[PDB]
């Protein structure tokens, strides 16, 4: 019932730890002020960028939604076109082991905003413990109409059940 789910075993396509302290862990710490950021220091990562983690909802429940909160400080090309993949935690030893994520169970286009975004998931996803990949295919520019940025940042990523 609209409640948050234990996350663990965090992974990212890339992360910045040189130019600033922005590891994947920043996206799961329940602090709006901290964010994961893609590696932009040289050699910089490119799109798509993603975060993944394990969601543990309890035995008799299923994750209903992924939530995304951008950084809150400024508008710096927030995520635009996103995709969520899901597999059963049994599918591998850890998040990082997962070699096939299947078809996106959900997509979303986010408005030009810092506000919290919710992506409801289909009930065809496995029950109980799941690995989740949140992937950013496209980003906003520095205005709505300028060319999209090549980097990504997320202050918080979470699953509800």
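Residue numbers count along the first chain shown, from 1.
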| property | result |
| --- | --- |
| Residue range whose averaged C-alpha B-factor is higher in the record, 6 to 14 or 148 to 156 | 6 to 14 |
| Comparing 87 to 95 with 70 to 78, the one whose average Cα B-factor in the PDB entry is higher | 87 to 95 |
| Top residue by Cα temperature factor, when 123, 34, 44, 118 are compared in the entry | 123 |
| Chain-relative CA temperature factor third for residue 131 | highest |
| Third of chain Cα B-factors occupied by residue 49 | lowest |
| Third of the chain, ranked by Cα B-factor, where residue 105 sits | middle |
